[PDB]
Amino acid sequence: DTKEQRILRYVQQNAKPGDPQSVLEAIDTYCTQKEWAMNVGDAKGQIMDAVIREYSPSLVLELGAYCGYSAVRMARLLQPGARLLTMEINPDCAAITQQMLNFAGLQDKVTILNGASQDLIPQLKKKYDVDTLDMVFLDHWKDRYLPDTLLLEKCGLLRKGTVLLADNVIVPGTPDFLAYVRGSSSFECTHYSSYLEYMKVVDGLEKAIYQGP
């Protein structure tokens, strides 16, 4: 089996069904004690939580689900009726994410879209009945952060106040995205310095709030 399957099984055997906090703990324990994996982790997760609680978004888009750690993190804090759409290119990971959300009891809040962001973003309005997004979590290929931000704007999916929150802007890093949003009058940006998941290595989140054209 794969590392991702082992993380899912560990959750199934060491967390409580329907308890998202126990799911997060189990993943963080496994990834600390057994095998590193690219979940956002607890250090950066705490900053995500604070952001989610500040904005109480009704409709969140996530690029890059992986095993569902960030989707569980965000969905557990959503208000009733609020929704998360998460896009995952790897079908094995899409299936693990679905099972992770099922175990956590969050499946009614989250729709896991298996496919590439550059193919799926243009379908959001018509296919998934999206008007505009309240928040976007970027956690996919680091060289896609900038092109997908520009694609989101092109598609009319951003509104005044839409919050972009971007993982890994330091490690592995997303230099073009950071330079673009930080230099654009269409974004108000804040950096939240933290640590790479499960490591004593500096990383951070970028929050970039869209201001309109």
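When you see a residue number, it is the position in the sequence shown, counting from 1.
Taking the mean C-alpha B-factor of each stretch as recorded, 68-76 and 109-117 are not equal, and the higher mean is that of 109-117. Looking at mean Cα B-factors across 201-209 and 19-27, the upper value is held by 19-27.
Considering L85, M135, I96, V130 together, the PDB entry gives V130 the largest C-alpha B factor. Between the residues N168, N39, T32, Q46, the entry's highest C-alpha temperature factor is the one at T32.
Ranked within its chain, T162 lands in the middle third, by CA B factor from the PDB record. Per-chain ranking of the deposited C-alpha B factor places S186 in the highest third.
When the modelled residues of the chain are ordered by their C-alpha B factor, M100 lands in the lowest third. For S56, the recorded CA temperature factor ranks within the highest third of the chain's modelled residues.
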